[PDB]
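Alright, two takes on the same chain below, each alone as structure tokens: structure 1 and structure 2.
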Structure 1
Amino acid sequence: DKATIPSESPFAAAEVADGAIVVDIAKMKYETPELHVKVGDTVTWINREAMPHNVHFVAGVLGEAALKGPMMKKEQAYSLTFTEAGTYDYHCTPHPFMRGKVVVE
């Protein structure tokens, strides 16, 4: 497994940690679709819109099993800590046309 999860469930946008690396979700898109971070960094998605969304990494990306994140409602957030270098593609489960990637160096 190449990621650890600070919080299995979503939490309010206001509760996002100081210093967070943030990807907003708005207008049916990941607003930073190509994010560059370092091994060990935590990325936090924040959903800005009324339509709930998640992040979903297919099997073979963060590990052997898919990682289907929980749905973030409006003004909710979710974090993943990347523990290995690589380019990690993801999508929103019911909106697979929404795609993004985290490049971990």
Structure 2
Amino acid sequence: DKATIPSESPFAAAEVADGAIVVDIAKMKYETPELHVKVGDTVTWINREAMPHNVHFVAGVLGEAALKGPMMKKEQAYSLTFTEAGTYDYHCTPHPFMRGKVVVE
């Protein structure tokens, strides 16, 4: 695969250490649409509003199968560690208009 999952289920945002790579979700959008990280970094998405959101990578992007991430409720987080360089696009399952990408270098 192109990434590993630290936590299969969402976890409390408060557990995200200061200084960690974070993409906040609020107002129906990924606050950082074009995130640039290095091979090996772990990205953590934190939903900041009541509206549930998740990250969804279609099949073939992070691996054979698509990665339909779990829905984060307010103050919940989800992480993904990228093990290979490249550009991986994603969107929010119920809100296709919500799109973002992670550039692994």
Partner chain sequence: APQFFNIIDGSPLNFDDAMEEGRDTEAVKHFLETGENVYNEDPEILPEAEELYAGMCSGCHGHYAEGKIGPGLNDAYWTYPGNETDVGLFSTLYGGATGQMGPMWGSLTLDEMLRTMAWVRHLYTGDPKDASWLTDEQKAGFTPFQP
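Only residues modelled in both forms are compared. Whichever C-alpha set is largest while still superposing within 1.5 Å between the two forms counts as the rigid core. Residues are numbered by position in structure 1's sequence, first residue being 1.
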Working through the pair one at a time, identify the form solved without the partner chain and give its number.
1
Does superposing the core leave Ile21 with a CA shift of 2 Å or more between the two structures?
no
Angstrom displacement of the CA atom of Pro6 between the two structures, core fixed:
0.4
Can you list, in sequence order, the runs of 3 or more consecutive shared residues with C-alpha shifts of 2 Å or more between the two structures on the rigid core?
17 to 19
